[PDB]
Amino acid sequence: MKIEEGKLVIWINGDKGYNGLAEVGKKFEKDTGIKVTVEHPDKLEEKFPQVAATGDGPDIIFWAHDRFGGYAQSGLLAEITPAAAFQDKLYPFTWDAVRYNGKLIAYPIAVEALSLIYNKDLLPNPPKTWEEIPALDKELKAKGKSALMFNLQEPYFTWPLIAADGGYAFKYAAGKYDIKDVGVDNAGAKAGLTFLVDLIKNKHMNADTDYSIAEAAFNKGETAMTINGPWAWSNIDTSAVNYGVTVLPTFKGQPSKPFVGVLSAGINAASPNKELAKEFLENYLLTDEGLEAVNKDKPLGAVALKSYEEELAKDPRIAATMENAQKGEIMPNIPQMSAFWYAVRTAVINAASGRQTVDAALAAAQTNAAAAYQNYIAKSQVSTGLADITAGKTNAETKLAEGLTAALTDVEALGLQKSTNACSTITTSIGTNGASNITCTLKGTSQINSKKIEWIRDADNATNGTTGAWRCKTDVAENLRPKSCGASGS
């Protein structure tokens, strides 16, 4: 995990063209001798602040710009300062995306916006309005298909509809984003989410739907439409689907308003290789042939490099991406953005699944998004601590299945570390009778520091023939507890 000199480790999301990026990397490993590793860990954007607080992680992190103000405020990013000559090569508005407190803190790579993607053979005339979709879906179910499937687990995909009639994240006022003026619970935001939940209520889509099943359903021709970004075009290309990319539908006569992201590359503050990273980025990646290499793996969208974008912009698909982008807004990059996104994620999931009403869900989102910074941090650190031990359960169950002659107290044997950034110690006792605990002692903001979160397993019972269950317990305050953890008792 610690950073090696004379070497570059790069993190980029699994849905981007990382193999293409590794090719720019293997070429770098030719003109310099400097090796390049490209990895795509799960939840890298969450992992990065965890590992880079202790001087670990990649030399270079790729993500949309909205997460980078948080990174910068937390101290984790070197200021990038390119020559004015290099800046002339990228559109000014992309540099604006990656400027925080007047300093640039990442290189902008590409501009992304969601579009309506549709099956031309199945649906030659896609709907201009969201309101058209229930009837269209009814028609399509009769033929054994569906009108629309997209990822309901990430708020990024439902935001264009929430924003259509007036939802907003943070109000921009007197030259700054007002972090206490949140627009996720106004009338327009309410009407947007209501329309989505009505779709689900009336069985035109399924609350369960995630990225993989929507992508699979579309690329196999089972659904006529999906909502996605340019990175998804590659997989459809290898499919038998004749698809188009077009303007998102309107809602109450209003354009859908996607939050537009700028894929960006940050340089780790603890990296020994800030100059090697700067040259890889400026003189290998951000060139026509570097971007082309990444693009032919998975399309980047409208790239920041003027020279290359001139060609790319002749693609009707990229013209559709930019049309949608113009109807939406470039995301803020302020630190409160992740609090906003986590708040809206829960709201959409809870409303869609029927656990809360739309008004209740958005009311709670408004409070969570406008919460004080330590509140968001405390919830995050507790969640992280829990994730740091949850992998231990499954492995514990495999050991119990073989049978134990002695209680197991080695957390390594469960695939766990003895400590993490969120857990000052991780301990375990997997008992011979199944009674067990895997315990995180939490470390971070004073609200949760030295509290415990743990998985508790009851004993199996051989006389009764019963198997013990797992329960998440914590002595953290109730309003800070994650979903499905309760308090402890004795």
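Heads up: residue numbers just count along the shown sequence, starting at 1.
Q: Comparing 334 to 342 with 216 to 224, which stretch shows the greater average C-alpha B-factor in the deposited entry?
A: Looking at the record's C-alpha B-factors, the answer is 216 to 224.
Q: Compare the mean C-alpha B-factor of 17 to 25 with that of 470 to 478 as given in the PDB entry, and name the stretch with the higher value.
A: Higher mean C-alpha B-factor in the PDB entry: 17 to 25.
Q: Have a look at 157, 231, 168, 172 and flag the one whose Cα has the highest B-factor in the entry.
A: Of 157, 231, 168, 172, 172 has the highest C-alpha B-factor.
Q: Which of these has the highest Cα B-factor in the record: 152, 361, 80, 322?
A: That would be 80, according to the entry.
Q: In terms of the CA temperature factor given in the entry, to which third of its chain does residue 451 belong: lowest, middle or highest?
A: As the PDB entry reports it, the C-alpha B-factor of residue 451 lands in the lowest third of its chain.
Q: Per the entry's values, where does residue 299 land by CA temperature factor relative to the rest of its chain, in the lowest, middle or highest third?
A: It falls in the middle third of the chain.
Q: Lowest, middle or highest third of the chain for the C-alpha temperature factor of residue 40?
A: Ranked within chain, residue 40 CA B lands in the highest tercile.
Q: Going by the entry, which third of its chain does the Cα temperature factor of residue 251 land in?
A: According to the entry, residue 251 has a C-alpha B-factor in the chain's lowest third.
Q: Split into thirds by Cα B-factor across the chain's modelled residues, where does residue 131 land: lowest, middle or highest?
A: Residue 131: CA B-factor falls in the lowest third of its chain.
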